Structures are given as structure tokens and as C-alpha cells.
Amino acid sequence: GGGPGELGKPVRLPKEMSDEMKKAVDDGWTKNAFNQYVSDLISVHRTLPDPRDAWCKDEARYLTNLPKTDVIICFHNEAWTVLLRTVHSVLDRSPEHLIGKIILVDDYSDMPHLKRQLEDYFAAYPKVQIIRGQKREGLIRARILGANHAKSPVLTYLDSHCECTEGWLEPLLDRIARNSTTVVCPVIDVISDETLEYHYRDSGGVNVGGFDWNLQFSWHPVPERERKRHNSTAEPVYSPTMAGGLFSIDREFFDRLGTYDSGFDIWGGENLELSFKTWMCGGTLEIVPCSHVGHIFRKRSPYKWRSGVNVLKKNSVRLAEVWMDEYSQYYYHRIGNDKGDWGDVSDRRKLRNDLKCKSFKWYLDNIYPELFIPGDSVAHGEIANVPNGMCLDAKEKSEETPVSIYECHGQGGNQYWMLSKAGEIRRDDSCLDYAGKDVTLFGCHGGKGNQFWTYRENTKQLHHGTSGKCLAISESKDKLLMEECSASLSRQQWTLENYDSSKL
Ligand SMILES: *[C@@H]1O[C@H](CO)[C@@H](O)[C@H](O)[C@H]1NC(C)=O
């Protein structure tokens, strides 16, 4: 008798709703970018299925005396039932002796339900502590504020729209108990933004964290190298990076690593900073398949991924400048080597030096050898039509986007391409494709075919394998097309920045 959404089952509203209900549902989406109305129907003690593999219950054995953790949850104008459901999932599914304090860090909310109402509600839970930021500061500063209030040996960071699952905590703390330089993440499961349905997979499908050369986090499957280290896919696996929202760390080790770079602005990337310094300054980073936490997955694209201005640049530049050695150049190519103002980084350099950290080359060689380095490609940079000043140009959404041509601007971004050994014209994981209609950009599949191109050096033509046609610019200079190949047609002549035959 768990009510709507019990055992993580979906809650669906009726097709027909009164106008007052419709206003309530729409209001919920406006405020939260998820369906707050259905969350409000679902118990804040909503039961969930046990998502763990049999290995996690029958074969995994954890140290008897685990260190206590504080759980730090930062929020800004979170919905009442969603914030409460997070906190109760922590209280109800974690052994009491393993929780120090649940520290709720209010990053300057203005909604009334988060003020006195929130204090009164948790007054009867002595483990819950509310910290009020004095101005709006963003996630990094709120998390550091939380860490400074924390007294337990381990910090566990969650966000405000999570649901812990059965047995989530012990596997994380066991790794830190064995070696306090180990940083750990639960497997992050999907809670639907529409129905709040909870979804879990077995440990066979575990993904691990990487990054692309735009310095954005990305997921990849456990590489074969790492799978060969384990007898069961349920064992914790090394991860080059963490997504950042959910992890545990020894409190002193976090401070030793310099927590987060407080010179970052609010637009993220501190997950990558912490990942890099964990591996190259004496620690390890694991994803722990026996530990699941559900997380409300908003399908709506957040502002930072579609901004008209590059809000990601400052933190990416500070990251590259402090931690990436000579490899920073590949990110700088992506932004046209226009680094902007990234502030003062000298204290972070002193931090890295004082910790005697390893090189970024060591990190790439040893932790993330699967990452392809753009300098090893046949060509990288702009792809320019010789007789004029038009460049191959595309908005890269990870969907099929149209590929066109625009005046070369020398700023990277939409005009940055790589020519791979396999004949792909690509940016990150999207490949130039032609199937007889329009030239498009979609996910690289590694099968050549319609994604196979050759640069014909003596004519400077971009020749397409399966069609036998050549990439060209219309004589009105405003449309990209595929046409019959012809030597001497200047409209079919392209130059590829950094083209190097020796690389194929
Ligand atoms: C803990 O892990 C770090 C990083 O792998 C390693 O340098 C250290 O020797 C380990 N400590 C113990 C006691 O195994």
C-alpha cells in the first residue's frame, strides 16, 4: 500500500484535466523542468525495488567497521516533495551508525517552502542540519560551505533530486575504508522527469566516465583493459572521470586535494578538476556497481549546453591551464585559441606542485589510454574552400544537424573538424555523412560507408567513397553540395588545416 509510484512504478496523469489541474502541472514544469505535480502525489518515503546484482548480496563482503559519512545536499528552489524524498531516502536506506549529519546547503533560495517550513519539518530529525548561504553562490561554493560544516571522516555529495536505494551506502564506504585516497561514485540510475518511474540495469551495462576535447564530461563502456581486472562485472571499476553530482570522498583527502578551484565560475567542470587531481595526486577513482542512486533525469536541455555565449570557457581554461600540461592546446584549438580572462591560477599551480602530482601525459598513458589525441589525426582545424573564404560549418548537437558553409572565422567551434585515419571527417563523436540527399552530421559508427571520405592531395578534392562524388560549394557561395568530381573546378578544392600525409 505504497501509493502512487511505489516500487518505482510510473505515475501517469489523465489525458483530460481541469483547467486548475493543467495550471498546476504547467507551473510544476516551469519551476523545475520536471513534473512536480506527479512528484507531489508520490510518497516522500516512496519504496523502490532492490536494484543490486546477486553478487552484491551473496558474494560481496564489506569491512565490519565502516567510517561515518556526512551527506551534503545543496539546493536552490528545489521542490518540497523532491528535496524531502532525497533526504528520507538517505535516512531510510542507510544504516543509522554510518550517517553523521545530513547537511542541507541552501544556496539562497527564495521559495517560502524552503524557509521556516523546512526548518520546522526537519526539527524532529537531529541528524539534519540546514545551512543558509548569505547570497547566491553556485554549486562549488555551496559544496565547500557544506564540507566546512562537516565533521565525519567521509563526505558524500548528492544532489537534491536523488533517491538512494537498498544497500547503496556500505559499498561506497567500504572502498574508502580500504584506502582513504579512493574516491567513489554510485551507479546513477534514471528517474523519469515525466512519470518519476525508476529504472535500473544489471552490472553488465555499467558505463565509466571520460571526457571529450571540448573538456565536457562523457560516458563510455568499461574498456576491455579494465574488464580483464575483475572476475565479476559487479566489482568496482576504475573510472577516468566522474559525472560529479554524486560521489563520496574521505574528508581530509578532499581538503588535501584543494577541494574545488574556487576561482571557477558557476558553469561546471569541477567534476573534471577533481577527477584529474585524484588520479595524478596519489588517489584512485571508482564507480561502484553495487551502489545505485536514482537521479531525476531532465530531458530538457539545460541552458549551459545551448547558450549563445560560451559559458563553459572560463572553467575549461583554468582546468587546462593548471592540470593538462601541453595537452591544453587541443582544447584551445576548439575555442580558436581565444582563452578570454580566466583569472588568477597561481595558487592552484602551487597546489599541484606541493602535492608532487604526476604529469597529464602520465594520466593519459595510464588512466585513460583509450582517449584519442587530436594531434595524432590526419588533419585537424578548419576545412576551407580554396578559391574563397568559406569553411565547413556545423552546429554539433549529440541528433542529426545540417552541415553547411560559412565565412571562415578562425574561432574553432562550429568550423573545427578532424580528418581521421579511417577516413572520417569528425568532431568529437559525430561524423560527416552523405547518403545521396543532403550532407549531414550524426554519430560515428566506425563502418565507413556513407561516413568515409578521402582527401585527394593532387586535386585538393574531398571525395566521398560510396557515392563517388566530391564535396563542393555552389557558385553563389552559400550552399554545400555533392557533385560530379572534376579536376580544375576551384569550387571542389579544399584545404585541411594541419594535414599530414605521414599520418595516412
Ligand atoms: C592507497 O592507494 C594509493 C593510490 O593507489 C597508493 O599509493 C597507496 O599505496 C595505497 N595505500 C595502501 C595502504 O594500500
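Numbers for residues simply follow the sequence, beginning at 1. Reckoned from all heavy atoms, side chains included, excluding hydrogens, waters and symmetry mates. Counting starts at 1 for both ligands and their atoms, in listed order.
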Among protein heavy atoms, which lies nearest atom 4 (C) of ligand 1, and at what distance?
-> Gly282 O, 3.2 Å

Identify, for atom 11 (N) of ligand 1, the protein heavy atom at the shortest distance, and state residue, atom and that distance.
-> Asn179 ND2, 2.9 Å

Flag: protein heavy atom within less than 4.0 Å of atom 13 (C) of ligand 1 = no

Between the side chains of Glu497 and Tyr416, does any donor sit under 3.5 Å from an acceptor?
-> no

Centroid-centroid distance, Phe372 to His220, less than 6.0 Å = no

Does NZ or CZ of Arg229 lie under 6.0 Å from the centre of the six-membered ring of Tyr238, at an angle within 45° of the ring axis?
-> yes

Can a donor-acceptor pair be found between the side chains of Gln129 and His149 at a distance below 3.5 Å?
-> yes

Exactly one of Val183, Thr284, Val184 clears side-chain contact (heavy atoms from CB on, under 4.5 Å) with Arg175, and that residue is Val184

Determine, counting only non-hydrogen atoms of the protein, whether one lies under 4.0 angstrom from atom 2 (O) of ligand 1.
-> yes

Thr284 neighbourhood, listing ligand 1 atoms whose heavy-atom distance to it stays under 4.0 Å = 5 (O)

For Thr181, the atoms of ligand 1 under 4.0 Å from one of its heavy atoms are 1 (C), 2 (O), 3 (C), 4 (C)

